[PDB]
Structure formats: C-alpha cells, structure tokens
$ cat data25.cif   # mmCIF, C-alpha atoms
data_final
#
loop_
_atom_site.group_PDB
_atom_site.id
_atom_site.type_symbol
_atom_site.label_atom_id
_atom_site.label_comp_id
_atom_site.auth_asym_id
_atom_site.auth_seq_id
_atom_site.Cartn_x
_atom_site.Cartn_y
_atom_site.Cartn_z
ATOM 1 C CA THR A 5 -9.507 9.173 -17.242
ATOM 2 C CA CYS A 6 -12.588 8.676 -15.091
ATOM 3 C CA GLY A 7 -14.386 11.977 -14.840
ATOM 4 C CA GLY A 8 -11.463 14.161 -13.970
ATOM 5 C CA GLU A 9 -9.804 11.477 -11.814
ATOM 6 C CA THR A 10 -7.525 8.452 -12.075
ATOM 7 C CA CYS A 11 -9.020 5.390 -10.383
ATOM 8 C CA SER A 12 -6.702 3.308 -8.254
ATOM 9 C CA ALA A 13 -6.224 -0.387 -8.819
ATOM 10 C CA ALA A 14 -8.954 -1.086 -6.198
ATOM 11 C CA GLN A 15 -11.545 1.047 -8.083
ATOM 12 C CA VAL A 16 -13.477 0.857 -11.289
ATOM 13 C CA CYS A 17 -14.932 3.659 -13.376
ATOM 14 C CA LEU A 18 -18.741 3.288 -13.424
ATOM 15 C CA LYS A 19 -20.918 6.100 -14.725
ATOM 16 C CA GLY A 20 -17.970 8.464 -14.693
ATOM 17 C CA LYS A 21 -16.984 8.067 -11.091
ATOM 18 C CA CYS A 22 -14.314 5.977 -9.398
ATOM 19 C CA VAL A 23 -15.931 3.517 -7.038
ATOM 20 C CA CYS A 24 -14.535 0.517 -5.129
ATOM 21 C CA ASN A 25 -14.852 -2.718 -7.080
ATOM 22 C CA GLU A 26 -16.791 -5.666 -5.746
ATOM 23 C CA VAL A 27 -15.133 -7.415 -2.813
ATOM 24 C CA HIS A 28 -14.404 -11.118 -2.754
ATOM 25 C CA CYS A 29 -11.935 -12.115 0.006
ATOM 26 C CA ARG A 30 -11.575 -15.623 1.430
ATOM 27 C CA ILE A 31 -9.535 -14.682 4.509
ATOM 28 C CA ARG A 32 -11.383 -14.652 7.844
ATOM 29 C CA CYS A 33 -10.134 -11.801 10.050
ATOM 30 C CA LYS A 34 -10.824 -10.847 13.703
ATOM 31 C CA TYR A 35 -11.354 -7.184 12.804
ATOM 32 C CA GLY A 36 -12.469 -7.612 9.217
ATOM 33 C CA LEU A 37 -10.735 -6.320 6.123
ATOM 34 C CA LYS A 38 -8.264 -3.452 5.746
ATOM 35 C CA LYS A 39 -9.432 -0.381 3.898
ATOM 36 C CA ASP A 40 -7.249 1.810 1.701
ATOM 37 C CA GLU A 41 -7.515 5.588 1.833
ATOM 38 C CA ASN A 42 -10.628 5.562 -0.411
ATOM 39 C CA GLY A 43 -12.325 2.940 1.697
ATOM 40 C CA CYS A 44 -11.729 0.043 -0.609
ATOM 41 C CA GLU A 45 -10.934 -3.483 0.621
ATOM 42 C CA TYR A 46 -8.358 -4.419 -2.023
ATOM 43 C CA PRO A 47 -5.995 -6.219 -1.881
ATOM 44 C CA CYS A 48 -7.494 -8.505 0.720
ATOM 45 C CA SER A 49 -5.733 -8.158 4.071
ATOM 46 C CA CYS A 50 -6.823 -8.249 7.742
ATOM 47 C CA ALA A 51 -7.367 -4.873 9.389
ATOM 48 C CA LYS A 52 -5.256 -3.963 12.375
ATOM 49 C CA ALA A 53 -8.350 -3.259 14.431
#
$ encode --input "data25.cif" --output "structure tokens"
Amino acid sequence: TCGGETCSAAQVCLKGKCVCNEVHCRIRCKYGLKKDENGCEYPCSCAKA
C-alpha cells in the first residue's frame, strides 16, 4: 500500500502519498484533457467541456 491508500493506475506512490503521474498526451483537444475523480489526466482523452 501507499500510506494507508491504494493508488489508482493514474497515480504513483511518492513519499507515501498517491499523486497523479506525469502527463504526456499527444491529442489536441478543444477543452483540454479529461480528469478522473482524483484530478488525474490518465488515460489521455478529451474533456467534454
């Protein structure tokens, strides 16, 4: 575990906390990237607005 929590596939355990991993997306989107419920932009997809 990561400090009492399980990190999602979008996160990495750094210093005992789940944080979003670095973001590298090639798609170009009118409203930018979609965030999951932790705020992370993984997998890369265009946001609905």
$ atom_distance --input "data25.cif" --atom1 "atom CA of residue 24 of chain A" --atom2 "atom CA of residue 44 of chain A"
5.3 Å
$ resolve_selection --input "data25.cif" --expression "the PyMOL selection byres ((chain A and resi 35) around 7)" --output "PyMOL selection string"
chain A and resi 33-34+36-37+50-53
$ atom_distance --input "data25.cif" --atom1 "atom CA of residue 9 of chain A" --atom2 "atom CA of residue 42 of chain A"
12.9 Å
$ resolve_selection --input "data25.cif" --expression "the PyMOL selection byres ((chain A and resi 15-17) around 12)" --output "short mmCIF file (atom, residue, chain, number, x, y, z; two decimals) with C-alpha atoms, keeping the file's coordinate frame"
data_model
loop_
_atom_site.label_atom_id
_atom_site.label_comp_id
_atom_site.auth_asym_id
_atom_site.auth_seq_id
_atom_site.Cartn_x
_atom_site.Cartn_y
_atom_site.Cartn_z
CA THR A 5 -9.51 9.17 -17.24
CA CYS A 6 -12.59 8.68 -15.09
CA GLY A 7 -14.39 11.98 -14.84
CA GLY A 8 -11.46 14.16 -13.97
CA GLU A 9 -9.80 11.48 -11.81
CA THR A 10 -7.52 8.45 -12.08
CA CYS A 11 -9.02 5.39 -10.38
CA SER A 12 -6.70 3.31 -8.25
CA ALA A 13 -6.22 -0.39 -8.82
CA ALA A 14 -8.95 -1.09 -6.20
CA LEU A 18 -18.74 3.29 -13.42
CA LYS A 19 -20.92 6.10 -14.72
CA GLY A 20 -17.97 8.46 -14.69
CA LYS A 21 -16.98 8.07 -11.09
CA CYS A 22 -14.31 5.98 -9.40
CA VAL A 23 -15.93 3.52 -7.04
CA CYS A 24 -14.54 0.52 -5.13
CA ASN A 25 -14.85 -2.72 -7.08
CA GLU A 26 -16.79 -5.67 -5.75
CA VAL A 27 -15.13 -7.42 -2.81
CA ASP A 40 -7.25 1.81 1.70
CA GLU A 41 -7.52 5.59 1.83
CA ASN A 42 -10.63 5.56 -0.41
CA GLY A 43 -12.32 2.94 1.70
CA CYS A 44 -11.73 0.04 -0.61
CA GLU A 45 -10.93 -3.48 0.62
CA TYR A 46 -8.36 -4.42 -2.02
CA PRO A 47 -6.00 -6.22 -1.88
#
$ resolve_selection --input "data25.cif" --expression "the PyMOL selection byres ((chain A and resi 31) around 8)" --output "JSON, numbers by chain"
{"A": [29, 30, 32, 33, 48, 49, 50]}
$ axis_aligned_box --input "data25.cif" --around "segment 22-31 of chain A" --padding-each-side "3 Å" --output "lines of an AutoDock Vina configuration file"
center_x = -13.2
center_y = -4.8
center_z = -2.4
size_x = 13.3
size_y = 27.6
size_z = 19.9
